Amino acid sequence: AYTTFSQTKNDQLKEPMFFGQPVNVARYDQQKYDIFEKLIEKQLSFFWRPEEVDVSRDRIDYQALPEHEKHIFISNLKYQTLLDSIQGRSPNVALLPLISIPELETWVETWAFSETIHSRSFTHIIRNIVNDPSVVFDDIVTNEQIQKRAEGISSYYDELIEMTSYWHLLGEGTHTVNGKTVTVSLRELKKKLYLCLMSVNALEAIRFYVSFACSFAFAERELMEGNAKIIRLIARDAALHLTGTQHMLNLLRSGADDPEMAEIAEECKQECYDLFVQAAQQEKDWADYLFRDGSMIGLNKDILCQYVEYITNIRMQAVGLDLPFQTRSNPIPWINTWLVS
């Protein structure tokens, strides 16, 4: 029931963001929600090339760091690398099959494309600071701490993908497969979509932002500056991605786009809240590990933890969730010099 070109003539301005008729014609002269076209344009105006950034002095900087500083750095790098591996493919594989408006379709492909460039930038850094990048790359997959910090990201995507396949193959219903009853419900699939979006919004809004705080800590010190320039270009793209997820979520709950989606959202608020908090907690628990055999100079477990709280509150308010934490002003205003967005 999924089609690469639906032959029905339809008003693309009247479809919902998700679950309506798959997009046929790709046109950009008009949009239901212009935010998406605006986001495609800015992201294209931001196009950059990693290799164009000189990281030649980062190797010695890294060599000269203290062992626990190498640890904090490399470790944070491995996490950023993991998130972008996932983000390079997921939005395409997970969302494309469910989008019903063209501007949203292309924004998703552009967004995913910008993420592959981030991944290439990490190969650029890694290749220039270590002797055998393979060590770093292998560690990303099995590293217990990161599977830990990043736990449940791949799973929200995976289940949504699975459910979408059943929905496209069998459609709404109670069916049977190899002696098992399999129930397919649109509403539960819309809930799966909603929660997956929420989780990608936290990935973009928080998980990535926390990593920036670590990278920029080195930059503040004039250390690993090739990495810093690259991370600055990345945070600028991240700002657009988060705008995109905020808008999709806000349009969904507001009921304007899909009445049923607004109901689903509302009824799942506490579920939504807990994930957000759960996510903040993961980032804190990791700030823990990273700082235990030693603590960086200008950042530490407590400062990072305060930062996790501060941004989390900002992000949750943005999509109408309650503030889980104590209100406080930014603990590391020096970060602003690097977050040009």
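Start at 1 and count along the sequence shown; that's the residue number.
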property	result
Selected stretch [higher average CA B-factor]: 275-283 or 37-45	275-283
Stretch exceeding the other in mean C-alpha B-factor - 73-81, 135-143	135-143
Per the PDB entry, maximal CA B factor within 204, 105, 159, 266	266
Of the residues 195, 184, 261, 249, the one carrying the largest Cα B-factor as recorded	261
For residue 119, the third of its chain into which the C-alpha B factor falls	lowest
Chain third (lowest, middle, highest) by recorded CA B-factor, residue given as residue 130	highest
Lowest, middle or highest third - CA B-factor, residue 150	highest
Third of the chain's Cα B-factor distribution that residue 191 belongs to, per the entry	middle
Within-chain third of residue 270 by Cα B-factor, per the entry	highest
